[PDB]
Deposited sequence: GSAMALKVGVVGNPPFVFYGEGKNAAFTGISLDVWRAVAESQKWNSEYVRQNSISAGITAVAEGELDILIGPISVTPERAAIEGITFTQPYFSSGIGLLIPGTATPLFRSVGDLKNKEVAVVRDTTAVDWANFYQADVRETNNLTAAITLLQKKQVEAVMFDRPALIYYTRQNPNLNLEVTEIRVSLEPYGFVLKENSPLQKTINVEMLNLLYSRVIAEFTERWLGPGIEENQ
């Protein structure tokens, strides 16, 4: 097809998004949608979810894809609308194997030095649970702070934390059973976008046919 390409902003971490050029669960979901419509895409990495959402509202992007948590604050941003969610995720905690007795509930987060990645929902949850929040630029940085000793835990999306531990079994880090929150992931479109219905219908088809589950199993099963 020689039709104008949709400008797709990409943000997020493994296993939902990997940067080569772009792969992961979120990319698999988007590509299945685009292919079903024979649409062309032009991918543009975004610095953060906030930057990406503004780019969609300002018309610089047609859609923002990735493991984007659907939150009240984000849904309130003028000019944008979320698609139906395609994944139900949880925000968890990564800690040293020796610290497992210390982290048994969210109440245990109070006053503990917790590392979080900037512009992620974890920043707000860590503040809400009264932790000693230490913001970092990326997950690697947050985990490097855990490997040193500045922090006692890293709060971030559970699938990303589990994926990380699986690439570094040598580290002896553990993802607690604690679920700080349950959050749905969705894509972001311009409000009243003429693409909204088509995208929702296709994402729902992928969801109900268990195709999204297959994508997830390929990266985290």
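Chemist: What ranges of the deposited sequence are left out of this structure?
Modeler: Those parts of the chain that were deposited but carry no coordinates are 21-25, 227-233.
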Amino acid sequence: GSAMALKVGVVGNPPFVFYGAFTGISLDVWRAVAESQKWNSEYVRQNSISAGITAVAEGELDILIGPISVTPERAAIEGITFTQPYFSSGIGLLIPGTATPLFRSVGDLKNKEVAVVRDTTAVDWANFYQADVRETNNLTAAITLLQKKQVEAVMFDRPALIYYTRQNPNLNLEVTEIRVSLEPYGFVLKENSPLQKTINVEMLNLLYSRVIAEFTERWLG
From here on, numbers count along this sequence of modelled residues.
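Chemist: Output the stretch having the higher mean C-alpha B factor in the entry; the candidates are 107-115 and 122-130.
Modeler: Stretch with the higher mean C-alpha B-factor: 107-115.
Chemist: Averaging C-alpha B-factors over each stretch, which comes out higher, 76-84 or 89-97?
Modeler: Result: 89-97.
Chemist: Could you say which of 196, 170, 54, 40 has its CA atom at the highest B factor, as listed in the PDB entry?
Modeler: Comparing C-alpha B-factors across 196, 170, 54, 40, the top value belongs to 170.
Chemist: From the list 35, 28, 60, 157, select the residue with the highest C-alpha B factor recorded in the entry.
Modeler: Comparing C-alpha B-factors across 35, 28, 60, 157, the top value belongs to 60.
Chemist: By the recorded C-alpha temperature factor, relative to the other modelled residues in its chain, which third is residue 69 in?
Modeler: Its C-alpha B-factor, which the entry lists for residue 69, ranks in the lowest third among residues of this chain.
Chemist: Using the temperature factors of the C-alpha atoms in this entry, rank residue 188 within its chain: lowest, middle or highest third.
Modeler: Its C-alpha B-factor belongs to the lowest third of this chain's values.
Chemist: Using the temperature factors of the C-alpha atoms in this entry, rank residue 178 within its chain: lowest, middle or highest third.
Modeler: Tercile = highest for this residue's CA B-factor.
Chemist: With respect to C-alpha B-factor, does residue 21 fall in the lowest, middle or highest third of the chain as deposited?
Modeler: Highest third.
Chemist: Ranking every modelled residue in this chain by its Cα temperature factor as given in the entry, which third contains residue 6?
Modeler: Residue 6: CA B-factor falls in the middle third of its chain.
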